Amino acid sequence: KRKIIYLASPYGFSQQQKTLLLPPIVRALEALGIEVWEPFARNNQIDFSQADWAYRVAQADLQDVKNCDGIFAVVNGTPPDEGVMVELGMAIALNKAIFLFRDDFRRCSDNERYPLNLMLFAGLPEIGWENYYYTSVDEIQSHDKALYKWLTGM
């Protein structure tokens, strides 16, 4: 069975970001052999004319985080997206694999060790957390970083 990554991001909210930013990240993950669950694409069939669609998206996304093997969370922005953060907290509590992506060079932090709010790293090991922290789309395929180690059992 392929490992399943839930690709959490705010990029579905902007028409241009949805069209241009997500496909390259999806493709980078798929090139490692990962099955990618991207929520904006997976919720295509919900009936958005009905008033309960927001509840139905919430529950579908909760189920996807429960059923994934890891989360790949796009945590660009100041601050990172609140929905992505909820999904990240779910992933941490459910002991999913955690991978963080930030190619935004601004620092937005409450501490000196981590580049973001310390809670985002609570599900990563004390040592080597930066191996799970990706700062460019080109880095996703790196054999030295945590996605590759995960797939190769190292």
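Note that residue numbering begins at 1 and tracks the sequence as displayed.
- In at least a third of the other PDB entries of this protein that model the residues around it, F48 has no coordinates.
- Stretches 46 to 54 and 91 to 99 differ in mean CA B factor, with 46 to 54 having the higher one.
- Judged by mean Cα B factor in the deposited record, 37 to 45 ranks above the other of 37 to 45 and 23 to 31.
- Among the modelled residues of its chain, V65 has a C-alpha B-factor that falls in the middle third according to the deposited record.
- Among all modelled residues in its chain, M119 ranks in the middle third by Cα B-factor.
- When all modelled residues of the chain are sorted by CA temperature factor, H143 is found within the highest third.
- In the deposited entry, the Cα temperature factor of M154 sits in the top third of values across the chain's modelled residues.
- Ranked against the other modelled residues of its chain, the C-alpha B-factor of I5 as given in the entry falls in the middle third.
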